[PDB]
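Enquirer: File target_8.txt follows (compact mmCIF, C-alpha atoms (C1' of nucleotides)):
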# COMPACT_ATOMS: atom_id res chain seq x y z
CA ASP N 1 -26.29 -4.49 -14.95
CA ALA N 2 -27.99 -3.84 -11.63
CA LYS N 3 -29.89 -7.10 -12.17
CA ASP N 4 -26.58 -9.02 -12.45
CA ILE N 5 -26.89 -9.45 -16.22
CA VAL N 6 -23.95 -8.97 -18.58
CA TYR N 7 -24.82 -6.44 -21.30
CA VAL N 8 -22.63 -5.74 -24.33
CA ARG N 9 -22.80 -2.57 -26.43
CA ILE N 10 -20.72 -1.92 -29.55
CA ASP N 11 -19.86 1.72 -30.33
CA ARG N 12 -22.27 2.93 -27.62
CA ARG N 13 -25.32 1.51 -29.39
CA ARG N 14 -28.47 0.04 -27.84
CA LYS N 15 -27.63 -2.37 -25.03
CA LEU N 16 -28.22 -6.07 -25.66
CA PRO N 17 -27.21 -9.24 -23.79
CA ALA N 18 -23.72 -10.60 -24.33
CA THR N 19 -25.20 -14.04 -25.05
CA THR N 20 -26.21 -12.82 -28.52
CA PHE N 21 -22.69 -11.64 -29.32
CA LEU N 22 -21.32 -14.93 -27.98
CA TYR N 23 -23.70 -16.99 -30.12
CA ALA N 24 -22.72 -14.88 -33.13
CA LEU N 25 -19.23 -16.39 -32.88
CA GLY N 26 -18.38 -20.07 -33.26
CA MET N 27 -18.94 -20.90 -29.59
CA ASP N 28 -22.59 -21.98 -29.50
CA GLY N 29 -24.78 -24.21 -27.36
CA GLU N 30 -23.38 -25.47 -24.06
CA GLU N 31 -19.82 -24.55 -25.07
CA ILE N 32 -20.32 -21.12 -23.51
CA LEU N 33 -21.26 -22.78 -20.21
CA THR N 34 -18.56 -25.47 -20.25
CA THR N 35 -15.85 -22.80 -20.57
CA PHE N 36 -17.19 -20.51 -17.82
CA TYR N 37 -18.42 -22.87 -15.07
CA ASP N 38 -16.85 -26.18 -14.08
CA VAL N 39 -18.97 -29.34 -13.92
CA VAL N 40 -18.92 -31.83 -11.04
CA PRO N 41 -20.07 -35.46 -11.43
CA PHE N 42 -22.72 -37.16 -9.32
CA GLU N 43 -23.98 -40.71 -8.99
CA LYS N 44 -27.15 -41.88 -10.74
CA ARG N 45 -29.26 -42.11 -7.58
CA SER N 46 -27.13 -44.52 -5.57
CA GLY N 47 -27.49 -45.39 -1.88
CA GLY N 48 -27.99 -42.00 -0.27
CA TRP N 49 -25.97 -39.37 -2.15
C1' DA G 1 -22.69 126.78 -66.18
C1' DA G 2 -22.81 121.84 -70.18
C1' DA G 3 -22.25 116.56 -72.79
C1' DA G 4 -20.76 111.78 -74.64
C1' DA G 5 -18.04 106.74 -73.49
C1' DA G 6 -15.25 102.19 -70.86
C1' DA G 7 -18.20 99.15 -68.69
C1' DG G 8 -22.78 96.74 -68.13
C1' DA G 9 -26.39 94.32 -70.85
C1' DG G 10 -27.91 91.99 -74.72
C1' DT G 11 -27.50 89.37 -78.20
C1' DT G 12 -25.81 87.10 -82.96
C1' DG G 13 -23.45 83.99 -85.49
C1' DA G 14 -19.15 80.32 -85.20
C1' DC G 15 -17.14 76.41 -83.70
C1' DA G 16 -15.49 72.37 -80.03
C1' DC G 17 -17.40 68.49 -78.10
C1' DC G 18 -19.45 64.75 -75.62
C1' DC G 19 -22.17 61.12 -74.36
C1' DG G 20 -26.64 58.64 -76.89
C1' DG G 21 -28.55 55.74 -80.09
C1' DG G 22 -27.96 52.80 -83.89
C1' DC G 23 -25.25 49.51 -87.29
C1' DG G 24 -22.32 45.99 -87.05
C1' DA G 25 -19.35 41.94 -85.54
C1' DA G 26 -17.77 38.96 -82.66
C1' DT G 27 -18.79 36.14 -79.50
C1' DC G 28 -21.46 33.81 -75.00
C1' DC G 29 -25.16 30.22 -72.86
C1' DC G 30 -28.56 26.36 -73.53
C1' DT G 31 -29.90 22.27 -74.94
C1' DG G 32 -29.47 17.72 -76.67
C1' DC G 33 -26.98 13.69 -78.40
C1' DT G 34 -23.12 10.09 -77.69
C1' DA G 35 -24.90 3.04 -78.44
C1' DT G 36 -19.88 -3.43 -76.25
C1' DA G 37 -20.97 -4.82 -70.61
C1' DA G 38 -21.21 -1.56 -66.39
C1' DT G 39 -26.74 -2.56 -61.17
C1' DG G 40 -27.44 -0.97 -52.59
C1' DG G 41 -22.93 3.87 -49.18
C1' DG G 42 -18.73 6.35 -45.51
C1' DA G 43 -17.80 9.22 -41.28
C1' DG G 44 -19.38 9.85 -36.45
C1' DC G 45 -18.93 9.51 -31.57
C1' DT G 46 -17.83 6.19 -27.35
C1' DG G 47 -12.81 10.59 -21.43
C1' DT G 48 -18.92 16.09 -17.99
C1' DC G 49 -22.98 15.63 -15.22
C1' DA G 50 -27.44 16.81 -13.61
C1' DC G 51 -31.76 18.19 -14.27
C1' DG G 52 -35.92 18.09 -16.41
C1' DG G 53 -38.90 16.08 -18.51
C1' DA G 54 -41.24 12.68 -22.54
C1' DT G 55 -42.61 7.82 -23.77
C1' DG G 56 -43.78 2.19 -22.58
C1' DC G 57 -46.44 -2.26 -19.84
Kindly transcribe the structure held in the file into structure tokens.
Expert:
Amino acid sequence: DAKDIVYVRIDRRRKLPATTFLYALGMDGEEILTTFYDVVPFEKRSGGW
DNA sequence: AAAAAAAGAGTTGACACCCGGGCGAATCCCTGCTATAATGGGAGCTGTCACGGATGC
């Protein structure tokens, strides 16, 4: 989309966000984010950063 | 110089017949009635644009 939003449409139907189709499958919750973006650890407010 | 008849008309009975209207008979169309248990549906694009307009917050 022009707004940088992924839109999925099945059989040229009304456009809806791909997050709905992803949640329809087994992958739910933060599993869709853990598989797309990597996570980096950080300290729990130590000296400085 | 005269004077009556095959056609031309006109009918008068004498069949030949040809669809019409009935009498039949033979046969079509409608309608309903069947009693174990039946319980939500199958394609179709999706390889043209572009314009010109109609809804919505």
Enquirer: Could you produce a table of the residues of chain N lying within 9 Å of chain G, with the nearest pair of atoms per residue and their separation in Å rounded to one decimal, using all atoms listed in the file, ordered by chain and increasing residue number, as CSV?
Expert:
residue,atom,partner,partner_atom,distance
N:10,CA,G:46,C1',8.9
N:11,CA,G:46,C1',5.7
N:12,CA,G:46,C1',5.5
Enquirer: Could you take the residues named above and write them with C-alpha atoms, as a PDB file, in the coordinates of the input?
Expert:
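Here's the written file part-v3.pdb:
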ATOM      1  CA  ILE N  10     -20.720  -1.920 -29.550  1.00  0.00           C
ATOM      2  CA  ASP N  11     -19.860   1.720 -30.330  1.00  0.00           C
ATOM      3  CA  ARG N  12     -22.270   2.930 -27.620  1.00  0.00           C
TER       4      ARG N  12
END
Enquirer: Set the distance at 12 Å and use all atoms listed in the file: which residues neighbour stretch 32-39 of chain N once local chain neighbours fewer than 2 positions away are removed? I'd like the list as a ChimeraX atom specification.
Expert: /N:18-30,41-42
Enquirer: Please report the interatomic distance between atom CA of residue N:13 and atom CA of residue N:1 in Å with one decimal.
Expert: 15.7 Å
Enquirer: Quick one: everything within 8 Å of residue N:17, counting only C-alpha atoms (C1' of nucleotides), minus sequence neighbours fewer than 4 positions away in the same chain. Send it as a VMD selection string.
Expert: chain N and resid 5 to 8 21
Enquirer: Rounded to one decimal place, report the atom CA of residue N:15-atom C1' of residue G:47 distance in Å.
Expert: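 Computing the Euclidean distance for atom CA of residue N:15 and atom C1' of residue G:47 yields 20.0 Å.
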Enquirer: One decimal, in Å: what's the spacing between atom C1' of residue G:41 and atom CA of residue N:14?
Expert: 22.4 Å
